[PDB]
Ligand SMILES: O=c1ccn([C@@H]2O[C@H](COP(=O)(O)OP(=O)(O)O)[C@@H](O)[C@H]2O)c(=O)[nH]1
Ligand SMILES: O=c1ccn([C@@H]2O[C@H](COP(=O)(O)OP(=O)(O)O)[C@@H](O)[C@H]2O)c(=O)[nH]1
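Chains as they are written, first to last, in the working numbering: chain S, 229 to 701; chain A, 229 to 701.
Structure follows, in C-alpha cells:
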C-alpha cells in the first residue's frame, strides 16, 4: 500500500478539494494519505474542521498535519491580491514543510500539491519523491495557465483590451471578458506569479484535475495530443473529477427541516462560496429580485463589501456584529418570512444541494460549488465574481447549457432586480428552466459514470497509481 | 419538360459533381439532361466512369457527350498551374462546344457550366439560352471568388503576407494561410484568371452551389443581401447540395469484403482525392503514423511527389509500374497485414464511406470528399492540399466542429507520425472522437432534410426551374 502526501493551499476552497481527493484515494484506491494542510492565520473554523476530520479516522488511512502560516504582513500591502498572497504564504512555509517531511517517521511515496503549492517542487525533488499537482478545477483553466507563458510573449498590452478571443491550441476560445483574475492586470504581480504557475505545472510528474472526459474531451485531448500544448506540458494529465464531499446527514439542521416542508425542486439556493461577497447596491438589488420572483429560496448571506469580490476569503472571521437585517432592505425578512430562509456566514451547501426541494442554484461558479450542483443535478444562475469563475461561467452557460446568466457580467454591470426576478423565474417557473435541469442531470449521470468503477475518472486514478508505482523503482 | 445541358470541366473532381447534378435534375425534377463533359487526355478512369453512367440510363433522360481535350502543350510550360491549364483547355474547346450545341437536333433551354467553364458565356448568350454556373463547393469560396475583384484593388502585395484576416462582407474571415491556391502568388497568371473567374460568375443568370442553408446560412445570406456583395453579384444563388453519388452496391469489391470483417466504426479511410499526392517525406511520416496508431485503416495511395500537391490530377491514369512497397517504408505492408489495407490509385470512396466499419476519414477536404463523408456521418481529419481545401478545412474544423487538424497546415509544416498517431487516436479512440461523429451525423441529417421534398435544396432546385421557365419567353 502506497503512502501519498497531499499539500493543501490556505483556505477552505483549497483544503476541501484536497481532503476529498485524499478520502477518494484512501477509500476507493486503498492508499495511506497524509494531508499537509497550509493554514490561514485567522480561522479556528479551518482548524476545528481539521480536528473533526482527524477524529473521524479510526482507520488512520487518512491523517491531517497542519502547516502553520508564516507571517507575511511585512511582505504585502493594501493592494496585494489574494493570488500573490497565497503564493507568498506557500513560499515562506516551504522550509517548515521540508522539516515536516524530513521529520516523518515513514516517508510518502508521492506528493500531490494544490494549485498554489506548485512552489514546493524542490522539496519533492530533493527527497526524490514522486511529485504531482492537483488542479481542482477545469482543464480549460489549466490549458490557459500553461499556454499563458506563450500568450505573455505573443500578446502586447492587456488581454482585457483585445478585440479577438484568445485561442488556446485545441481548446474553446476565451473572450477578454472571461479571463482569470491574474490576466486582468498584467502590471500586477499576480499576473507574473500566474505565468510562472503555468510553467511550474509542467515540471511535475503529472497533473490531476477535478474534471472528466465527458465534460472536457476536447481540452483534455488538446493537453494530451495538441503539439503546441505538448511542447509545454510533456507530462500525463489525470481527469479524476468530479470529486466532492459525500453528504453527511444531520437530523438537527433547521435549514434541512425548512426544506423538508417544501415542494420538490421548488427552492432556489443562493450562495457565492466562502470567498464571495456582493456590493451594498447589488445585495439590495438581489434581496428585491428574490422577493419579486415569488419563488422559495435559501440564501447564505454575508456582510456586503464594495471592494474586492473575494475580500471575505481570508476575513470571514472578522466579527461584524451587525444582524442580517441591517445590511438588507428593511423588512425584507418580514416580507419573505414564508418565501425564503436567510442563512448567515456558512451552511452545508452539499447537504442543501442534495435536498429534493432544491431545484435551482444561484452560484458564483466556483468549481467546487459547480461540481456540487452538477453532481446533484441542479441548474444554475451563473454569477462569476473572482478567480476563474467567469471562465467556468462561460463554459457552463454557452457550452454546457446548464446555467443561465445576466446580459452583462455581474462584475461589470449592476444586475437589477427585474433581471434577477426574470432569471429566477426562467430557472424556477419556465420550460427553459426544466430543460436546463435535464441537461444538469445528464451531466450528473455522466459524472456518476466517470467516478464509478471503470469510468474515465476511476481509471484515471488507477493510471495515476500506476504512474506512482512505476516511479517507486 | 425542359432540356438542360451541363458542361463539365476536366477531371473527376468536376465530372462527378456534374453527373450527379444532371442525375438529380433528371430524377427528382423530371428534366432532360445532356452533360457536355470536357475530357482529359489520359484517363480510362474518366471514360469507364462515363460507361457506368451511360449503362444506367435505359430512360435516356440523361445523356453524356464527351468534349475531346485540345492539345495545349504549345500554350503551357513547366510553371503553368492547373488552374490556368483548365481555363485554357476550356477556352480552346469552346468552338467544339459551339458546333455541338449548334448541331443539336433539339436545343437545350438552359446551360449550366462547371466552375472552370465560365468562359463559355458567349455560346449561351449567342444562342440566347439561359446560362448558369455550377460552383460544386462552398458558398464561402464563391463569395471569396466574387469579392476577389475588390481585394485585388484594395490590397497591395501578397495575401499570404497579410497580418489581418481577409474580411468578405457578411462572411467568416479568412486567414492569409487558408486562401485558395490562385491567391498564394498574385504574380502568377492563375491569380488573374481567378479574379476574372470571380467576375465571370456574375455575368450568368444564376449560380448553383453544392452547399445548403443549414451549412452556410450567413454566407448565403451575404451573397443574397449584403449590399457590398450584391453590388458585384446581382443574380440568384441556388444552394442545391449536398449532391453526391448514391452508393452502387458492388459484388466483388475486395476492400468492401475486408471491411465486412471489421468492427463498426473501427476503420479509418485515408485518401487525398483524385488530385492529391504527398511528398516522399510526408508519405513516410504517414505510413508510420498509421502504424503507430494501431487503428485499422484503408488507405488509397498514389506515388509521392515533392512538387505540386495536385500533380496527380491530370496523371491519374498513368500506370507507374512501381509497386506500392517501393515508395512506402520497407515492410510497412508486411507489418500492417492485419491492421490496414493499402489501395492503389482509385477506390469506390462512396461505397467505402457508407460502410458500417468506417468510423473515420482522413481527407484532403476536397468538397466532394467532404460532402461524401458528412452525408455518411463520418468525422474527418482535415488535411488540405490544393485548390480551396484549406478554406474548407478551416470551415470544417473551426466553425462546424466535424473535423480535426494539425497544429500547422500540412502544406506548411511536416506532419510527423507522432501527431498523426495522436490525431488518429483522438478521432478513433477518444470521446472527442465520438462527439465529432455525432456532429457529423447531425450535419448528415440536416443535409437529408435539405435534399428531401420541401427542403432548402429541393426548393432551391424548384426556384431554379422557375428561373429557367421564366427565361424561356
Ligand atoms: O455557505 C457555504 C459557502 C461555501 N461552501 C463551500 O465552500 C467552497 C466555496 O469557496 P470558494 O468561494 O473558493 O468557491 P469554490 O470554488 O470552492 O466553490 C465550496 O467548497 C462550497 O461547497 C459551503 O459549503 N457553504
Ligand atoms: O480514391 C478515390 C479518390 C477520389 N474519389 C472520388 O473522386 C471525386 C473527387 O472529389 P474530391 O473531393 O476528391 O475533389 P478533388 O480534390 O479531386 O478536386 C470524389 O467524388 C471522390 O469520391 C474516389 O472515388 N476514389
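Note that CB positions come from ideal geometry on N, CA and C, so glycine has one too.
Start-to-end residues for the beta strand (DSSP E) that takes in residue 598/S: Element bounds for residue 598/S: not the beta strand (DSSP E) but the alpha helix (DSSP H), 595-603.
Of all Cβ atoms in chain S, is any one closer than 7 Å to the Cβ of residue 658/A? yes
Per DSSP, which residues does residue 342/S bridge with? Please list them. 362/S
Quick check on the DSSP output: what are the complete beta strand (DSSP E) runs of length 3 or more inside the region 498-566 of chain S, in order along the chain? 524-529
Under 8 Å from the C-beta of residue 449/S: neighbouring residues of chain A: Chain-ordered, the chain A residues with CB closer than 8 Å to the CB of residue 449/S read 654, 658, 660.
Identify the continuous alpha helix (DSSP H) that holds residue 254/S and give its terminal residues. Unbroken alpha helix (DSSP H) run through residue 254/S: 240-256.
Name the one or two DSSP bridge partners that residue 477/S has. According to DSSP, residue 477/S bridges with nothing at all.
For residue 418/A, is the classification buried or exposed, using 16 other Cβ atoms within 10 angstroms of its Cβ as the cut-off for buried? buried
Give the residues of chain A in contact with residue 681/S, contact being defined as C-beta atoms less than 9 Å apart. Neighbourhood of residue 681/S in chain A, by CB distance below 9 Å: empty, with the nearest CB roughly 18 Å away.
DSSP three-state label for residue 608/S, please. strand
Does residue 274/S get closer than 7 Å to chain A when you measure Cβ to Cβ? no
Beta-carbon within less than 6 Å of residue 259/A's beta-carbon, same chain only, minus the 5 sequence neighbours each way: which residues are those? 230, 232, 253
Return no unless some Cβ of chain A is closer than 7 Å to the Cβ of residue 453/S. yes
How is residue 393/S classed by DSSP in three states: helix, strand or coil? coil
What residue range is occupied by the uninterrupted beta strand (DSSP E) comprising residue 660/S? Segment 659-679 is the alpha helix (DSSP H) holding residue 660/S; no beta strand (DSSP E) there.
Under 7 Å between the Cβ atoms of residue 605/A and residue 668/A? yes
Between residue 499/S and ligand 1, is the CB less than 6 Å from at least one heavy atom? yes
Cβ-based contacts, 7 Å cut-off: residues of the region 624-637 of chain A near chain S: 635
Which runs of the alpha helix (DSSP H) fall wholly inside the region 411-472 of chain S and span at least 4 residues, in chain order? 417-430, 445-453, 455-461
Could you work out which residues of chain A lie near residue 446/S, taking near to mean beta carbons separated by less than 7 Å? Simply 660.
At a Cβ cut of 7 Å, what residues of the region 308-326 of chain A count as close to chain S, listed as they run along the chain? none
Identify whether residue 286/A lies in helix, strand or coil by the three-state DSSP scheme. coil
For the region 261-268 of chain S and the region 235-245 of chain S, state whether three or more C-beta atom pairs, one from each stretch, are separated by less than 8 Å. yes
Best match in 648/A, 656/A, 690/A for proximity to residue 455/S [C-alpha to C-alpha]: 648/A
To the nearest angstrom, how far is it from the Cα of residue 612/A to the Cα of residue 497/A? In this model, residue 612/A and residue 497/A are separated by some 16 Å (Cα to Cα).
Take every Cβ of the region 560-571 of chain A, pair it with every Cβ of the region 440-451 of chain A, and state whether three or more of those distances are shorter than 8 Å. no
Quick one: what does DSSP say residue 582/A is sitting in, helix, strand or coil? coil
Check whether the Cβ atoms of residue 365/A and residue 595/A sit closer than 7 Å, and answer yes or no. The Cβ-Cβ distance between residue 365/A and residue 595/A falls below 7 Å.
Return no unless some Cβ of chain S is closer than 7 Å to the Cβ of residue 513/A. No, no contact with chain S.
Answer yes or no: the CB of residue 575/S versus the heavy atoms of ligand 1, is any distance below 6 Å? yes
Between residue 280/S and chain A, is any beta-carbon pair separated by less than 7 Å? no
Mind listing the chain A neighbours of residue 456/S? Cutoff is C-beta to C-beta under 8 Å, in chain order. 635
Counting only beta-carbon atoms, is residue 493/A nearer than 7 Å to chain S? no
Using a C-beta cutoff of 7 Å, does residue 382/S count as contacting chain A? no
Where DSSP assigns a beta bridge to residue 262/S, which residues make up the other side? 233/S, 291/S
Can you pull the chain A neighbours of residue 442/S, defined as C-beta to C-beta under 8 Å? 659
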